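What follows is a single chain, given as structure tokens, in the form solved without the partner chain.
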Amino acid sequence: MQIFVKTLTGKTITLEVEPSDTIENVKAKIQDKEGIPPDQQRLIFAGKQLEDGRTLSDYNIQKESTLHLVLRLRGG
């Protein structure tokens, strides 16, 4: 099933995913596509960061849901 990932500035990256697979599986597509490594990738649904080793069903992320892609540098 597909979701939507939005970058900082506001490019939308349409992205396909499997709901009982993990956030790591989401990140490996983003990492193929754009090329940000998964430590530097930070995916925000709403105002929670999604944990790595959990599924999309855990968070309750579904078809045609918007995730926001911002980065991880050093400070925060």
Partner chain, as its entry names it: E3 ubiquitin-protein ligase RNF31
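Numbering follows the first chain given and starts at 1.
Below, we turn to the form solved in complex with the partner chain, even though it does not appear here.
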Within a 4.5 Å heavy atom cut-off, is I61 in contact with the partner chain in the bound PDB entry? no
Heavy atom of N25 within 4.5 Å of the partner chain in the bound PDB entry: yes
Going by the partner chain in the bound PDB entry, which residues of 38-61 come within 4.5 Å of it through any heavy atom? none
